[PDB]
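Chains as they are written, first to last, in the deposited numbering: chain B, 3 to 183; chain A, 3 to 180; chain C, 4 to 183; chain C', 4 to 183; chain B', 3 to 183; chain A', 3 to 180. A prime marks a further copy of an entry chain. Note that the Cβ used here is the ideal one computed from N, Cα and C, for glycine as well. A short write-up of the structure that comes next.
As structure tokens, then:
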């Protein structure tokens, strides 16, 4: 149980931090590649510019946490509990985050290149400036989420759930101009 | 002036009908190919399955007239004033109808292939079952018009103006669910 | 009168109560002061005619044309309009309150100071009508075709409008909804 | 500063360039004239503080609170705001042009004469904010929560709004869409 | 071929007017019960307050015609071609008008009690003041048609096609109040 | 003042916690039945699967708190100030929550049977999978809230305020097609 402590440039490569608990712990540029963080729980922790290469995170809970700038590569992220998680400028490209609930998560400037977000729930998620080339959002629920016109044109969105307002934004991303009655 | 008269199967090829006025005139299977119909005025007439290959109809006026099945090939149709004209089954492929107000006009099963319809006004028109391959609807006013899903996926629509229903159906025609 | 025509004719101050017309085409005829109460008209036209202080209440027009006719201080209510055209007609200052105008062609129609509160204009074409100072308070405008300029000059307190029309209004007031 | 508190403290006219704070809770402290350029803040609060002629450009606030703080003639642009609260903050007369305020809590916020042209307020909560004379020309307001009164007092020339919002605007201007 | 002529109180009961043509013919209070008007064609004709009891009208064409006040009872109306037909105050209760195209037809104050309008196309039809108790509008296309709130509550509308604006009107006919964003 | 402390399986029945303040307090399976919690203030606390039978919580304040699975029976919940409270799996059956602003509150799988929610503000709330049998949402502000089709067919909605999406889904939940 790491509480109210900082860490920087710390190397945790290949260690077993199962069931780990942290509270207001802040890590910067730490490497957790190969680490097993299954069942871990974190409250108000920050993972600024950290590396999670082949990191195991399933069945974990992150509440009010920051993932600013971190790089996730082929991680086991499902299931997982992200309640108020900031993924600003993070890289999740290539990862499989299928069926994960990402409601109210900050995905601003987040890399989602070839990220598998199928059947994900992104209601109200801020996806502004996210790089989504090759991103898979099929059957995802985007209702109320904040998305730029580039997503509405480069993401497979088959069976993806959107609202009327978003129906209009998606149409203008393709050239149509709304005029009504 | 021809009125309350019929004409079936006659060839008017290359004749000059400038300034002609017809009323409740019925023309079935007539060939108006090469005919000059500039300034013509029509009220309640029918041009049923007529051939219109290279005909000049600009500055004309059709009011409550039918073009059921007639075929237009390289015709001069603009400017032109249509006031409730029925284009059911007509062939307008490759013609230029830019700027034509086609408000509340029936275009059911109409062929609009390679048809230039840019800036056209289609408010309230019925295009159910029209063939729109290569159809150009850029900047067209599509408000309140009825259109099949296939249209959204075949016509160029850059700047085409639509209603909430159409914007929604556009996304639908692309698999997004609402 | 049936299947007859009347050009230039001057009917000023005559009494045509309960008059009936079928396909009667009155072109450029005056009807000022005339009393046409309880009259019925079917398929008739009233091309560019004058109606100055003409009484027309409790009347009935079906598949009729008013192409051009001018109306002034006429008593038009109640009135029953069925497929009646008003392309270019001039209704300035007239009082049409309560009239039901569903699907009425009012293209290029004039409506300055025209009072139309509580009117039902569902699906009525006001395309290019002059609506300056027009009174449309509490009127049903749903699915009626109009120009952006009306959304800016007409008093529309309590007027009913549908979602598409709402989009039109916010635009005609400088907001941008075209992409959004 | 990390995990520390500061009540009543008076920082007037100090120089805190490139300053960093993590969970620093400044309650009722003055920062007038202070220079906070290039500063970074994470999870900090600035409860009822004063910022009179405070320089804050090129800064960064993440998961921060500004609950109550007053801002006056401050240089706030460019500024990077991430999950920043402004409940009750006073931004009158300030210039926030170009700032990106997606999902910013601006409830009970004050915005009189506040200049926010071209701002991005997508999903921003302006619930019960005073927006008198507020400048929102060309701003993106889509899916942002607002009160009808703003639709009537804010200049919104070229502001972007979505269909639902259009419905809201035409209403706040007396039209009836509730049934229709 | 009846042209430019009137008729009043005329009794045509049980006669064979097959392939009949009329133009600007006007009938008032005429009885066509039992009449066979198959393949008939009419232009600008009027059938003011007329009786069509068990009348055969299939494969006929009415263009610019008035049916004001007439009573249709168990008629064979399909297929049939109604192009600009006025059915103001007419009674079509009980009739089977399934699959008929009724586009731009005046149905104002029209009785449709137990009228079978399934799979009908009523785009832009004015249905204001129509009495629709027991009316069957399943799979009908009502887009843009003018309808009162009573229809939106007493008509079977399963699979019936309506537009967004009508989606709102139907919701308010049930008590919901639209407010948007 | 209890802070950064846990409480598991304890019975507070009929105690008086008036004006109590808790922070990051975690209560799992605690019975607050009969307890007086008037004026209480909470910040970041969790009441996980707690029993709240006849408890007084009026004039309270819950900020970023969880009510995951807790069960409320004949409780005094109004007025009340909720600021981001998670009601996932909570039982609010038959309680009176009239006028409560529940903006952006999670009500996933929440039981709202015979729950009085008239005039409530639910702008942006998540009701996915809530049980709304006998639920009263008359005049409630439903704008932008997520709701299953089943809700439209079970709750009284007279005057409930909705968005274009909801109005459309209401008609859908009644078989009309758009």
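query	result
Only counting runs of 3 or more residues, tell me where the beta strand (DSSP E) segments fall wholly within the region 38-111 of chain B', in order along the chain.	43-45, 48-50, 53-55, 62-68, 73-75, 82-88
Below 7 Å between beta carbons is the criterion; list the residues of the region 134-146 of chain C that meet it against any residue of chain C', in chain order.	145
Between 168(B'), 57(B'), 121(B'), 179(B'), which has its C-alpha nearest residue 150(B')'s C-alpha?	168(B')
Less than 8 Å between the CB atoms is what I'm expecting for residue 183(B') and residue 165(C'), so what's the real figure, rounded?	6 Å
Would you mind telling me which residues of chain A' sit closer than 8 Å to residue 179(B'), beta carbon to beta carbon, in chain order?	161, 162, 163, 164
When you check each C-beta in the region 61-94 of chain B against every C-beta of chain C', which residues fall closer than 9 Å?	66, 68, 70, 86, 88, 90
What does residue 169(B') reach in chain A' if we use C-beta pairs closer than 9 Å?	166, 169, 170, 171, 172, 173, 174, 178, 180
How far does the alpha helix (DSSP H) with residue 156(B') in it reach, from first residue to last?	153-156
Quick check on residue 24(A') - is its C-beta less than 8 Å from some C-beta in chain B?	no
For chain A', find out if any of its Cβ atoms is closer than 8 Å to the Cβ of residue 126(B'); answer yes or no.	no
Round the Cβ separation of residue 114(A') and residue 100(A') to the nearest angstrom and send it over; I've been treating them as touching at under 8 Å.	No, residue 114(A') and residue 100(A') are not in contact; Cβ-Cβ is about 13 Å, not under 8 Å.
Check whether the region 30-50 of chain B touches the region 30-42 of chain A', counting contact only when three or more Cβ pairs, one atom from each stretch, lie closer than 8 Å.	no
Near residue 94(A'), what residues of its chain come up, given a Cβ to Cβ distance below 7 Å and the 5 sequence neighbours on each side ignored?	74, 112, 113, 114, 117
Could you give the distance in angstroms between the alpha-carbon of residue 56(B) and the alpha-carbon of residue 52(A')?	39 Å
Does DSSP put residue 150(C) in a helix, in a strand, or in coil?	coil
Ignore the nearest five residues each way along the sequence and tell me which others in residue 160(B')'s own chain have a CB closer than 6 Å to its CB.	140
Using 8 Å as the limit for Cβ to Cβ distance, is residue 105(C) near chain B'?	yes
Am I right that residue 172(B) and residue 178(A) are in contact with their C-beta atoms under 8 Å? What's the rounded C-beta distance?	6 Å
Less than 8 Å between the CB atoms is what I'm expecting for residue 82(C) and residue 59(C), so what's the real figure, rounded?	6 Å
Starting from the beta carbon of residue 183(C'), find every residue of chain B' whose beta carbon is closer than 9 Å, and list them in chain order.	167, 170, 171, 174, 180
Does any C-beta atom of chain E lie closer than 8 Å to the C-beta of residue 85(B)?	The question asks about chain E, but that chain is absent: this structure's protein chains are B, A, C, C', B' and A'.
Hey, out of 102(C), 24(C), 61(C), whose CA is closest to residue 142(C)'s CA?	102(C)
Which residue from 126(C), 96(C), 123(C) puts its Cα closest to that of residue 134(C)?	96(C)
What is the DSSP secondary structure of residue 29(B'), counted as helix, strand or coil?	strand
Which residues mark the beginning and the end of the alpha helix (DSSP H) in which residue 172(A') is found?	166-174
Given that residue 6(B) touches chain C', what residues does it touch there, using C-beta distances under 8 Å?	6
Which residue comes first and which comes last in the beta strand (DSSP E) that contains residue 117(C)?	Neither: residue 117(C) is in no beta strand (DSSP E) and is coded neither H nor E.
I believe residue 127(C) touches residue 109(C) by the beta-carbon criterion, under 8 Å. Please report the beta-carbon distance rounded to the nearest angstrom.	6 Å
If you run the structure through DSSP and keep just helix, strand and coil, what is residue 24(A)?	strand
Quick one: using the 10 Å Cβ neighbour count with 16 as the cut-off for buried, is residue 12(A) buried or exposed?	exposed
Please report the distance separating the alpha-carbon of residue 28(A) from that of residue 129(B').	33 Å
Could you tell me which of 22(C), 155(C), 68(C) sits nearest to residue 62(C), measuring between CA atoms?	22(C)
Does the Cβ of residue 9(A') lie closer than 7 Å to at least one heavy atom of the ligand NAD?	No copy of the ligand NAD occurs in the structure displayed, which carries no ligand at all.
Which residues in the same chain have their Cβ closer than 7 Å to the Cβ of residue 89(C'), if we skip the five residues on either side of it in sequence?	69, 107, 108, 109, 112
Mark residue 3(B') as exposed unless 16 or more other C-beta atoms lie within 10 angstroms of its C-beta, in which case mark it buried.	exposed
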